[PDB]
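So this one's entry.txt, compact mmCIF, C-alpha atoms (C1' of nucleotides):
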# COMPACT_ATOMS: atom_id res chain seq x y z
CA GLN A 17 108.37 1.16 -73.59
CA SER A 18 106.87 -0.46 -70.48
CA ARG A 19 106.07 0.80 -67.00
CA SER A 20 107.72 -2.36 -65.63
CA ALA A 21 110.74 -1.54 -67.81
CA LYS A 22 111.09 2.16 -66.98
CA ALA A 23 110.74 1.23 -63.30
CA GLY A 24 114.26 -0.18 -63.49
CA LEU A 25 113.20 -2.88 -61.02
CA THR A 26 113.27 -6.63 -61.53
CA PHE A 27 109.76 -7.38 -60.28
CA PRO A 28 107.16 -6.01 -62.74
CA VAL A 29 105.59 -3.01 -61.04
CA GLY A 30 102.56 -3.36 -63.31
CA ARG A 31 101.83 -6.72 -61.71
CA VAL A 32 102.25 -5.12 -58.28
CA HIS A 33 99.91 -2.28 -59.26
CA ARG A 34 97.16 -4.63 -60.44
CA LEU A 35 97.72 -6.87 -57.39
CA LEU A 36 97.08 -3.81 -55.23
CA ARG A 37 94.00 -3.14 -57.36
CA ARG A 38 92.42 -6.55 -56.80
CA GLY A 39 93.75 -6.71 -53.24
CA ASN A 40 91.05 -4.22 -52.17
CA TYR A 41 93.56 -2.19 -50.14
CA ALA A 42 91.87 1.00 -51.34
CA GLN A 43 89.68 2.31 -54.13
CA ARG A 44 92.52 4.07 -55.97
CA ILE A 45 96.11 2.80 -56.13
CA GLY A 46 98.73 5.55 -56.07
CA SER A 47 101.16 4.86 -58.91
CA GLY A 48 104.23 5.55 -56.75
CA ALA A 49 103.20 3.03 -54.10
CA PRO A 50 103.73 -0.18 -56.14
CA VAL A 51 107.11 0.96 -57.48
CA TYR A 52 108.29 2.06 -54.02
CA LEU A 53 107.24 -1.17 -52.33
CA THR A 54 108.64 -3.17 -55.26
CA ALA A 55 112.00 -1.53 -54.62
CA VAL A 56 111.78 -2.26 -50.89
CA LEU A 57 110.96 -5.88 -51.70
CA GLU A 58 113.85 -6.01 -54.17
CA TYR A 59 116.28 -4.72 -51.54
CA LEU A 60 115.06 -7.29 -49.02
CA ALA A 61 115.45 -9.99 -51.67
CA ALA A 62 118.95 -8.63 -52.30
CA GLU A 63 119.71 -9.07 -48.60
CA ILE A 64 118.48 -12.68 -48.67
CA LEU A 65 120.31 -13.36 -51.93
CA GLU A 66 123.68 -11.86 -51.02
CA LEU A 67 123.38 -14.03 -47.93
CA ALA A 68 122.63 -16.82 -50.40
CA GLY A 69 125.78 -16.02 -52.37
CA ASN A 70 128.06 -15.94 -49.35
CA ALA A 71 126.44 -19.09 -47.92
CA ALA A 72 127.08 -20.84 -51.24
CA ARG A 73 130.68 -19.67 -50.95
CA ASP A 74 131.01 -20.88 -47.35
CA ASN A 75 129.30 -24.24 -47.91
CA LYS A 76 130.98 -24.79 -51.34
CA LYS A 77 127.67 -25.61 -53.08
CA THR A 78 127.35 -23.08 -55.89
CA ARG A 79 123.53 -22.98 -55.94
CA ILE A 80 121.82 -21.83 -52.75
CA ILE A 81 119.67 -24.37 -50.90
CA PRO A 82 116.94 -24.07 -48.24
CA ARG A 83 119.30 -25.23 -45.48
CA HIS A 84 121.64 -22.34 -46.22
CA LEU A 85 118.66 -20.00 -46.54
CA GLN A 86 117.31 -20.97 -43.11
CA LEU A 87 120.75 -20.74 -41.51
CA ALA A 88 121.47 -17.29 -42.94
CA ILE A 89 118.01 -15.88 -42.22
CA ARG A 90 118.19 -17.19 -38.64
CA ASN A 91 121.66 -15.68 -38.24
CA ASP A 92 120.33 -12.32 -39.51
CA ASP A 93 119.51 -10.94 -36.07
CA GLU A 94 117.65 -7.80 -37.12
CA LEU A 95 115.71 -9.65 -39.83
CA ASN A 96 114.54 -12.33 -37.39
CA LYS A 97 112.47 -9.65 -35.68
CA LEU A 98 110.58 -9.27 -38.95
CA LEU A 99 110.54 -13.07 -39.35
CA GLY A 100 110.23 -14.15 -35.72
CA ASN A 101 107.09 -16.28 -35.83
CA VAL A 102 108.16 -17.18 -39.37
CA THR A 103 109.68 -20.60 -40.06
CA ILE A 104 111.30 -22.04 -43.19
CA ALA A 105 110.55 -25.35 -44.89
CA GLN A 106 113.25 -28.05 -45.13
CA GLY A 107 115.65 -25.65 -43.38
CA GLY A 108 116.09 -27.45 -40.09
CA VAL A 109 117.17 -25.16 -37.26
CA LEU A 110 120.41 -23.34 -36.55
CA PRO A 111 122.64 -25.27 -34.10
CA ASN A 112 122.25 -24.43 -30.42
CA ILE A 113 125.40 -24.48 -28.29
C1' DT B 1 98.56 -16.88 -79.49
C1' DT B 2 97.32 -13.89 -74.19
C1' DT B 3 99.25 -10.52 -70.60
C1' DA B 4 99.98 -6.29 -70.44
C1' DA B 5 101.00 -0.49 -71.83
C1' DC B 6 100.35 2.46 -74.40
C1' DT B 7 97.20 5.91 -74.26
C1' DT B 8 92.39 9.54 -74.31
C1' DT B 9 89.92 11.28 -70.58
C1' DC B 10 87.61 13.11 -66.55
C1' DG B 11 85.32 13.83 -62.14
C1' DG B 12 85.77 12.48 -57.83
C1' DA B 13 90.17 12.65 -54.58
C1' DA B 14 93.92 15.11 -52.36
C1' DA B 15 95.91 19.00 -52.00
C1' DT B 16 95.77 23.93 -50.58
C1' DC B 17 93.85 28.21 -47.81
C1' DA B 18 91.62 29.77 -43.40
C1' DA B 19 89.64 30.78 -38.41
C1' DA B 20 87.46 28.39 -34.65
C1' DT B 21 87.69 26.71 -31.31
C1' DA B 22 90.38 24.18 -27.67
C1' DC B 23 93.40 21.79 -25.58
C1' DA B 24 98.68 20.91 -23.53
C1' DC B 25 101.76 22.15 -20.97
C1' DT B 26 104.59 24.91 -18.41
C1' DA B 27 103.73 26.24 -13.52
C1' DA B 28 102.57 27.95 -8.70
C1' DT B 29 100.95 25.58 -4.07
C1' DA B 30 100.79 23.73 0.66
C1' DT B 31 99.77 19.36 1.81
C1' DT B 32 100.52 14.48 2.71
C1' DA B 33 100.40 9.51 0.76
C1' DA B 34 103.88 7.08 -0.24
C1' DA B 35 109.28 6.68 -0.44
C1' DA B 36 113.17 5.11 1.25
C1' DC B 37 116.50 4.91 4.82
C1' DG B 38 117.54 1.54 8.65
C1' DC B 39 118.13 -3.01 11.87
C1' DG B 40 116.60 -7.73 12.98
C1' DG B 41 114.78 -12.29 10.75
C1' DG B 42 112.93 -16.53 9.33
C1' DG B 43 113.27 -18.78 6.29
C1' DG B 44 114.94 -20.57 3.04
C1' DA B 45 118.10 -21.86 -0.41
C1' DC B 46 121.90 -23.54 -1.13
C1' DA B 47 126.19 -26.77 0.65
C1' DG B 48 126.83 -31.79 0.87
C1' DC B 49 125.33 -36.53 0.79
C1' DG B 50 123.40 -41.70 0.51
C1' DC B 51 121.49 -44.72 -2.15
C1' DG B 52 117.81 -45.63 -4.48
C1' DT B 53 116.55 -45.20 -9.73
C1' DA B 54 115.28 -44.47 -14.21
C1' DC B 55 116.58 -43.63 -18.52
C1' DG B 56 119.50 -44.66 -20.97
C1' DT B 57 122.94 -48.15 -22.04
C1' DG B 58 123.62 -52.78 -24.38
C1' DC B 59 121.98 -57.65 -26.97
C1' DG B 60 118.02 -60.94 -29.74
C1' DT B 61 114.58 -61.59 -32.25
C1' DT B 62 111.33 -59.73 -34.13
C1' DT B 63 108.05 -56.39 -36.77
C1' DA B 64 106.57 -52.89 -39.63
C1' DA B 65 108.49 -49.33 -43.27
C1' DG B 66 109.68 -49.25 -47.40
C1' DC B 67 109.53 -50.16 -51.38
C1' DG B 68 107.67 -52.34 -55.74
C1' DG B 69 104.40 -53.74 -58.72
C1' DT B 70 98.83 -53.67 -60.01
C1' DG B 71 94.93 -51.31 -60.75
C1' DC B 72 91.03 -47.87 -61.14
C1' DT B 73 88.63 -44.22 -59.80
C1' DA B 74 87.46 -40.66 -57.34
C1' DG B 75 87.55 -36.23 -57.64
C1' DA B 76 90.83 -31.88 -60.27
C1' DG B 77 89.90 -28.62 -62.58
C1' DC B 78 86.94 -27.33 -66.29
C1' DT B 79 83.49 -26.86 -67.56
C1' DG B 80 79.99 -23.78 -72.03
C1' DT B 81 75.34 -21.89 -70.47
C1' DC B 82 71.62 -20.26 -67.99
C1' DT B 83 70.32 -16.98 -64.78
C1' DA B 84 69.77 -14.03 -60.16
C1' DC B 85 71.22 -11.05 -57.58
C1' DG B 86 72.81 -7.21 -56.29
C1' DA B 87 74.56 -2.89 -57.44
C1' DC B 88 71.93 1.76 -58.95
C1' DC B 89 68.76 4.80 -59.32
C1' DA B 90 64.50 7.11 -57.26
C1' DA B 91 60.58 7.25 -55.69
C1' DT B 92 58.38 6.36 -52.40
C1' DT B 93 57.61 7.08 -49.00
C1' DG B 94 57.51 9.57 -43.95
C1' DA B 95 57.26 12.26 -39.18
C1' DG B 96 58.43 15.95 -36.57
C1' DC B 97 58.41 20.35 -35.58
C1' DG B 98 57.64 25.04 -37.05
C1' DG B 99 53.55 28.10 -39.74
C1' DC B 100 49.47 29.77 -40.80
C1' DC B 101 45.09 29.96 -39.56
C1' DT B 102 40.90 30.26 -37.97
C1' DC B 103 37.81 29.31 -34.53
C1' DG B 104 34.46 32.08 -31.38
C1' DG B 105 34.34 35.64 -28.26
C1' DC B 106 34.77 39.28 -26.56
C1' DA B 107 34.29 45.23 -26.55
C1' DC B 108 32.57 48.89 -29.35
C1' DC B 109 30.05 51.96 -32.55
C1' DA B 110 25.76 51.86 -36.37
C1' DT B 111 21.39 51.52 -37.92
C1' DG B 112 15.65 51.16 -37.71
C1' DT B 113 11.70 50.91 -35.72
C1' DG B 114 8.17 51.54 -31.63
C1' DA B 115 6.84 55.02 -28.39
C1' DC B 116 5.02 59.60 -28.17
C1' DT B 117 4.94 63.87 -28.85
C1' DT B 118 4.38 68.11 -30.58
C1' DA B 119 3.96 71.36 -33.25
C1' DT B 120 2.01 70.60 -36.69

The structure in this file should be written as structure tokens.
Amino acid sequence: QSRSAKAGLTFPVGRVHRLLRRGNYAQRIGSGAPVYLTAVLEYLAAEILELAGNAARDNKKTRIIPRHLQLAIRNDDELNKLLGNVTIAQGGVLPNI
DNA sequence: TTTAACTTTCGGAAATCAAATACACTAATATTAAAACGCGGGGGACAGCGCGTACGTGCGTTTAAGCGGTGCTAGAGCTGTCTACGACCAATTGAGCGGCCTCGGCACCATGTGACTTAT
């Protein structure tokens, strides 16, 4: 058995734990912190990737592309607050009317 | 063949339990600095306009941009190996403010000897 396996999360929480270790965020790394934040990250990735799926459906290209990613993330009004100053590579910009 | 997760522990952390302040607010109070009603105003900001203008709008001949070979070498990234350098321990200090003391100087009772005296 593995900690990354029993976590039931895609991203390996062991990697997150040791990243927190070398990241100097504190002297001890609470074992629930990496798994919790890994799950939060996985949900946010799920948001981006269900947007990817429906953008692939809308644009008829089965595999998601950065244009679709930029368009969907810029249409995500609440998420743009998190990613306001953020910008995406090769994504262009959403059309202004 | 190399990035992990078992573990096998343990000694600082992060809970707990507690009382010591102490601070916030919920609140009376007459005052009283600013609010907010209330009418003109200037002043200005927008309606409407002429015609000048300035950036597109449109052709000719250029120019660079883009490839497309032709090296070649400067670093990429990696050093395999020697320290240095800093993280730990501790000693190696120290200074500052209480502690004892201990200086010498007073007031007071003890002790011996020089008068002298007397009854030896």

Report the closest atom pair, with its distance in Å rounded to one decimal, for each residue of chain B that has an atom no farther than 12 Å from chain A; count all atoms listed in the file, sort by chain and then rising residue number, and write it as CSV.
residue,atom,partner,partner_atom,distance
B:3,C1',A:31,CA,10.0
B:4,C1',A:30,CA,8.1
B:5,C1',A:18,CA,6.0
B:6,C1',A:18,CA,8.1
B:12,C1',A:44,CA,10.9
B:13,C1',A:44,CA,9.0
B:14,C1',A:46,CA,11.3

### Query
What lies within 8 Å of residue A:87 using only C-alpha atoms (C1' of nucleotides), ignoring chain neighbours under 4 positions off, as a ChimeraX atom specification?
/A:83,91,107,109-110

### Query
Leaving out residue A:49 and any residue of its chain fewer than 3 positions from it, which residues lie within 12 Å of it when counting all atoms listed in the file, given as an NGL selection string?
:A and (29-30 or 32-37 or 41-42 or 44-46 or 52-56)

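Relative to atom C1' of residue B:76, atom CA of residue A:105 is found at 25.8 Å.
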
#### Entry: 9 Å contact set for residue A:71, all atoms listed in the file, chain neighbours under 5 positions out, as a ChimeraX atom specification
/A:66,76-78,80,84-85,87-88
